[PDB]
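Student: Need the 3D shape of this:
(4 chains)
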Amino acid sequence: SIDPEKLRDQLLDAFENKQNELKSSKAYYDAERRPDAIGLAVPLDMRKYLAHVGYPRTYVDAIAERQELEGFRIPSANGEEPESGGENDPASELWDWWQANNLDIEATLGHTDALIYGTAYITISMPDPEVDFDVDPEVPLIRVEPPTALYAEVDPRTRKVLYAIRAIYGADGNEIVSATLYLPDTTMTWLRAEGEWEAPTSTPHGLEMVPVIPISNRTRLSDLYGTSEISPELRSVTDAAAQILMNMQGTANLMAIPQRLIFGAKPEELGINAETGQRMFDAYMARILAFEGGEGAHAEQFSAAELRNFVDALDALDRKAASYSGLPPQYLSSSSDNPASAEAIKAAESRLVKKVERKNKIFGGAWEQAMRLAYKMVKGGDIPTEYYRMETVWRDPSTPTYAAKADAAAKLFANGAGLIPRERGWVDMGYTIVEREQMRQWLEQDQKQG
Amino acid sequence: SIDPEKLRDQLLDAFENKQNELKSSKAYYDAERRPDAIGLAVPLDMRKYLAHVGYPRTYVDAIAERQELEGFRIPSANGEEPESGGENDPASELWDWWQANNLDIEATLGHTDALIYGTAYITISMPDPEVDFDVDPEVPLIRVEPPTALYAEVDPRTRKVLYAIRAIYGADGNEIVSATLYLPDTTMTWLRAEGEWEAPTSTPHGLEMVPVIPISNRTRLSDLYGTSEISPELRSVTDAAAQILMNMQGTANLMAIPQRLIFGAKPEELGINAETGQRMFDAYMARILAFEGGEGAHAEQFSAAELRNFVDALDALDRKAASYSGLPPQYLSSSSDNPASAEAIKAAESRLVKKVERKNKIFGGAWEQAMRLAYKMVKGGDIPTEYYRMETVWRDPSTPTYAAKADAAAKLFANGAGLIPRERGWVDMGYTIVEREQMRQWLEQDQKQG
Amino acid sequence: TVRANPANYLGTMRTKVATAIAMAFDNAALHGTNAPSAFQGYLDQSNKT
Amino acid sequence: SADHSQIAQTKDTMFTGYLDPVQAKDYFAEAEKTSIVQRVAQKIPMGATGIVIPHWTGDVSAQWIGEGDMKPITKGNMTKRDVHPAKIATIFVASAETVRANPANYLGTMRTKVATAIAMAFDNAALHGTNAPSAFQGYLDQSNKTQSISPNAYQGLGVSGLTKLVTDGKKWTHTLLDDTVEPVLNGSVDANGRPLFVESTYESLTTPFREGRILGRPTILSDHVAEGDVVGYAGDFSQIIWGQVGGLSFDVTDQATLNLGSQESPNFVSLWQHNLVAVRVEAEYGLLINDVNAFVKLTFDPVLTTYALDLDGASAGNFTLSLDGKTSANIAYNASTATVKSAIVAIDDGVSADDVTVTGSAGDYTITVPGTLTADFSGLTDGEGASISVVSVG
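Tutor: Residues are numbered from 1 along each chain as shown, chains lettered A, B, ... in the order given. Please find the structure below.
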């Protein structure tokens, strides 16, 4: 065993150390200045005119805003039993706790911090009415935190969390106002002002387990912590595109125009005022300048830069980014694509739809475990063995091509004479587990009319 | 017989020897800096600007995300349950353990590490309630582990594992924290390897087999140990593309614009400051520079380099990366011929889809044996002979095309007057074995109502 | 010596080094005793006693 | 670095052919010479810190008594020795492209060749004693006993040779012979000219070359037991024990730095800078022979034996020699070489003044004689390490 004061100071160390890693990926999503993005043709006084490129934000958003949870399928013991509901039902209990915490909002944020930084953390507690929560005090208070505010030590031995620290800064002040340590069997919190840590408040819990769970963007089993979704391939083409935008925007300020020259005229033949170095032309349209020179005199010009000669490099980098990322061609390569049929959409969308379907499994494994802790805390007993078997169920991440779904499902059902019992007609139409309980009522209400 | 303390040391040496190889194929999927990727024409400072290429990442993702297990078939002794009764049958018995271990999450990752490094392992154990938690105590604990954390030696004659070692590092400490050695007669683990090396915890087991089995990407019988899917053939084009892309990225800084020259008057006559070698050309757009232009002065420019010379070479290499990998031509962005037809999708997918069906077979052969071991361990007796005839069932890897299958299935079934039994209608429509056995219940509800 | 790790010397050495590194930082900050040129002042440098 | 390097493998001269379609097996390759000592001596479990072996030694005693004779007192005694493992190692190096190519399976071949070279080094350290690190307690060539096989092997092994074992109580339990001894077994004949060790129309190998028993003792054969004039051993192979710590290691690197020179004269090569790959091979062994005199060295001809007798810097007293159990006069410590030769030729029989040889100086006598020489330093007042050993010719 060890004291919590050592653990706090030694974990606030590891936590503050970790921030120097995360800042490297924050700089891509949030499109900050990066040294390697500067365009080297641009002269030193124009290099303040940075050009940012949106590939990292686009690729993270295009995964994140496709996925939402619809329920938990705990199977019935001693034979399967759908349509079981209310106080009888182990699934709608978990959905009540999901809904009462507004996890429909806090999860879809917490997922994108997990895609940006590679991880985020679920936390569970009973509430305490001595804090003015405005939460149902019978419901487990479930929260999600970014790795910029919670850090957890993990066993490589067995992949369970050892202990974890939450830290709260004064927001712009950037100095810690409170910190919380989660031990295997209690949670402790300090607060500080004048730099004095006040005596730790605490709250025991009955679990063997630390009440924190990592969402982790695992790419492989060989990842322990998981990694940013903004891959080193996508970073490299992001910065390559940023340099070419700067070299373009620079060239368009100096060389898009030809430079005009005269040779063999002495400045006194032209009347160039020696104090100031240029006489005023008029240039009001059709005027022919007569002004003189020797027999060796003539006019010359340097050509414009051909700006097309950069643009066909930018087109090539879009065609890189559209492949290194999963994205449909028209998100990045905004060029000549023709997704103009309901089957064609399913083709062009396929590689992104399938990436989100894999991420749904990876995040589902964390949410499943978090709801087991919530039950084990609230109901206090050992987990009913059904809850080891459950899955999270997720929204279909593809475009809702509803007319093509409807004509197909109607042919299968064939007004009840057909191949499919009415319920799989709903699930193929994609109506959510939460909603299909209302269609139980409305179908029953219609059977009284005929 | 064999000294276990010796054999542990000997297998840690054999395990570290494998990492020297794996560090080379990891570097293609993670896109670390590689010696062959540097663009030779780029100057010695600008060689910091690497150009990571994502073909390996793309090609392994597009296989590993299509794969999904959906059940087991165990051909019964002939009777009233030819494949299943719906509960208390071999198919349900294995699928229970698969759910309880979350292998739908873990094995999706396990296939990824198996395609990258060329092999990965399934380790089968009874849970110990003194050591491990959040698992159902009556089911076998199944883990999948990558070759960066486990090594197994094969008797080349019998093609079965002789012994294997799981080696866990202390994360950032770069040292072994624990090691576990699996024998045919027992497992054995030395719980700490940092500070003092602790004494072994043994645990005997009833099997003749050692309780680990390799998944291997074995493409051909002569590959007696598994081989990476990122073939030497695809590695070469990945590195070749990086050179072209980096040579372009240098050219876009130095050479995309013409360099302007004047060959006439001496610097002091051109009004150049002799100390700095410069003058401020006050180049707002319309202005004409005038020169005295002695000795037959002229001005001229070196050309811009045509960046489309490199674009032609990137397009050629994209056509090659598509041809080698067998990805759809759209996944490389290689050509804009988007397959806007229900059947044209089956054509464009055809080689990727078929390749995935072969990876499904080759990994299914290992997942069978893992369940044969798990049953033999849990039930203790020798296995019923139908488990030697087991078959894994995998989800169809083709993109759904739901409405095309829907019209076809309804046309065949014809309200029960048709060609095929209702049950086959569900199989061809592509519902999983769990969806099939669930959907039967709703059909009885509908027929019971009338 | 690494294989045998007598008296856990390779473990104890880490914490004794970490202790020495922490102690050097106090001495550099309080009395400047060996401070690198990058440190701006130390408390013993005050003009008042 | 370079072509041709005498320490590291580039795509050197020797590889040149091994890319053509014209290649074949080596139709004449040798099989590897595995260790013989590891096959006959019992293997002992050993840790890196070595082992302690105890031995009882006290002469516990009892006496006959009459009624009421007050009964005598006795006490036991015991001692121990410890055995520490030594280490043997080597490194070899090739270019990274040579490792990617693996021409003619050179890397694999090298792994087998070092494994074999270490095994032969352990035999040579246990038998001849060629380079034995200080921790090996004795080596088999140190025996003060020899026998000649050539004219008749049965009389050699089973009678003359056995006589000089059992006289000291040392049990004959095995015999180990070199593969080159086969002719003097085939030439072992009776007075009618029939063989001894084979029968009938002479179809089979002789029974020892089937690894059969001789006079109940097993025969062990190998192709590298001969070390000069010595061509085999016979004796109590229970007296030799050995152990290996762990197993044959193979660490690998592309990025360490190697001194190709000496500790006193560096010549560093960075493996990273020259794009080289290197392998580090190591094993650790311990050995103990409890009594070196329990073995007879077997030879063809009736050769003499040569010895060093050391007085350990003793300043006063006398010492004694013995030769096949006959005993010398009592000899003063600082005897002349002529006095020591006189002391040997004064022995009862066979000590002819042309064969017996002495060649050292006062207190440090190199001696050569036809027989088992031994000494007792009782009556020497000084030099507590005063001692006798056989020594190698060169």
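Student: And the next helix or strand past the lengthiest helix in chain A?
Tutor: Counting residues, the longest helix found in chain A (DSSP state H) is helix A:342-378. Using DSSP states H and E, the helix or strand that follows helix A:342-378 towards the C-terminus is strand A:392-394.
Student: How many residues are close by residue 5?
Tutor: Assuming you mean chain A. Residue A:5 has 13 neighbours, counted by other CB atoms under 10 Å in any protein chain shown. Where you see a C-beta, it was placed from the backbone N, CA and C, and this is true even at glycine.
Student: wrong one, chain C
Tutor: By other CB under 10 Å, 16 other residues sit near residue C:5.
Student: Helices along the stretch 1-150 of chain A, start to end?
Tutor: In the stretch 1-150 of chain A, the helices defined using DSSP state H, counting those that start in this stretch lie at A:4-29, A:55-64, A:90-100, A:103-117.
Student: close to chain B, is the last one?
Tutor: What that stands for is helix A:103-117. No: between helix A:103-117 and chain B, judged by CB under 8 Å from any CB of the partner chain, nothing touches; the nearest distance is 15.0 Å.
Student: what sits up against that helix?
Tutor: Helix A:103-117 has contacts (CB atoms under 8 Å, 6 or more residues apart in numbering or on different chains) with A:22, A:25-26, A:29, A:60-61, A:63-65, A:67-69, A:98, A:120, A:122, A:142-148, A:215-217, A:226, A:228-230, A:359, A:363, A:367.
Student: Mind checking which of those residues are buried?
Tutor: A:22, A:25, A:29, A:60, A:63-64, A:67, A:69, A:98, A:120, A:122, A:142, A:144-148, A:215-217, A:226, A:228-230, A:359, A:363, A:367 (16 or more other CB atoms under 10 Å in any protein chain shown).
Student: if we can go back for a sec, run the angle between the longest helix of chain A and helix A:90-100 for me.
Tutor: 90 degrees (axes from the mean of the first three to the mean of the last three CA atoms, to 10 degrees).
Student: buried sites along helix A:342-378?
Tutor: So for helix A:342-378, counting by 16+ other CB under 10 Å, buried means A:342-377.
Student: What is whichever helix or strand residue C:20 is part of packed up against?
Tutor: Element membership for residue C:20 (DSSP H and E) is helix C:9-30. Applying 3 or more CB pairs under 8 Å, 6 or more residues apart in numbering or on different chains; DSSP states H and E, we find helix C:9-30 packed against no helix or strand.
Student: Run through who's touching it.
Tutor: Contacts with helix C:9-30, where a contact means CB under 8 Å, 6+ apart, come from B:194-196, C:1-2, C:5, C:33-36, C:39, C:42-44.
Student: Which members of those residues are the farthest-apart pair?
Tutor: B:196 and C:44 (43.0 Å; CB to CB).
Student: Check the offset of the helix holding residue C:20 from the chain's centre.
Tutor: Put simply, helix C:9-30 sits 5 Å off its chain's centre (CA atoms, centre = their mean, to the nearest Å).
Student: Check which residues of it are buried.
Tutor: residue C:10.
Student: Please write out the alpha-carbon positions of it in CSV.
Tutor: Taking only C-alpha atoms (Å, rounded to 0.1, in the frame of the first residue of the first chain), the coordinates of helix C:9-30 have been written out as CSV:
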residue,chain,number,x,y,z
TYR,C,9,20.9,-2.6,-6.9
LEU,C,10,19.6,-1.8,-10.5
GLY,C,11,16.2,-0.8,-9.0
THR,C,12,17.5,1.1,-5.9
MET,C,13,20.0,3.0,-8.1
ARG,C,14,17.1,4.5,-10.0
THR,C,15,15.4,6.0,-7.0
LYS,C,16,18.7,7.2,-5.5
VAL,C,17,19.5,9.0,-8.8
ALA,C,18,16.0,10.5,-8.9
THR,C,19,16.6,11.8,-5.4
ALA,C,20,20.0,13.2,-6.4
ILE,C,21,18.3,15.0,-9.4
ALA,C,22,15.6,16.5,-7.1
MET,C,23,18.3,17.7,-4.6
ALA,C,24,20.4,19.3,-7.3
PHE,C,25,17.4,21.4,-8.3
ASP,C,26,16.9,22.7,-4.8
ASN,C,27,20.6,23.6,-4.4
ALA,C,28,20.6,25.4,-7.8
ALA,C,29,17.5,27.4,-6.9
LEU,C,30,18.3,28.2,-3.2
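Student: which residues touch the closest residue to chain D within the stretch 201-350 of chain A?
Tutor: Closest to chain D within the stretch 201-350 of chain A is residue A:222: 20.6 Å, counting by CB to the nearest CB. Contacts for residue A:222 (CB under 8 Å, 6+ apart) come out as B:113, B:146, B:148-149.
Student: do residue A:405 as well
Tutor: A:428-430, B:402-403.
Student: Report the two of those separated the most.
Tutor: Greatest spacing in these, by CB to CB: A:430 and B:403 (13.5 Å).
Student: In terms of neighbours, single out the busier of the two.
Tutor: Neighbours were counted for residue A:430 and for residue B:403 using other CB under 10 Å; residue B:403 has more, 21 against 15.
Student: sec struct for the closest residue to that one other than its chain neighbours, please.
Tutor: Distances taken as CB to CB, 6 or more residues apart in numbering or on different chains place residue A:408 nearest to residue B:403, at 4.1 Å, with adjacent residues excluded. Using DSSP: H, G, I helix; E, B strand; the rest coil, the structure places residue A:408 in helix.
Student: my read: residue A:408 touches residue B:406, true?
Tutor: Yes: counting by CB atoms under 8 Å, residue A:408 does reach residue B:406; the two are 3.7 Å apart.
Student: farthest-separated two in the contacts of residue A:222?
Tutor: Longest span within the contacts of residue A:222, CB to CB: B:113 and B:149, 9.7 Å.
Student: any shared contact partners between the two?
Tutor: Taking CB under 8 Å, 6+ apart as the criterion, residue B:113 and residue B:149 both touch A:221-222.
Student: Show the contacting residues for the closest residue to chain C within chain A.
Tutor: Among the residues of chain A, residue A:10 lies closest to chain C, at 10.9 Å counting by CB to the nearest CB. By CB under 8 Å, 6+ apart, the contact set of residue A:10 is empty.
Student: Would you mind pulling the contact partners of stretch A:437-450?
Tutor: A:83, A:85, A:422, A:426, A:431.
Student: Can you check these and name whichever has the most neighbours?
Tutor: residue A:426 leads the contacts of stretch A:437-450 on contacts (other CB under 10 Å) with 18 neighbours.
Student: looking at this, that one is in a strand?
Tutor: No: applying three-state DSSP, one finds residue A:426 to be helix, outside a strand.
Student: Show the backbone phi and psi for the residue of the stretch 201-350 of chain A closest to chain D.
Tutor: Dihedral pair for residue A:222: phi -70, psi -10, per degrees, to the nearest 10.
Student: So which of the contacts of helix C:9-30 is the closest to chain A?
Tutor: residue B:194 (11.2 Å).
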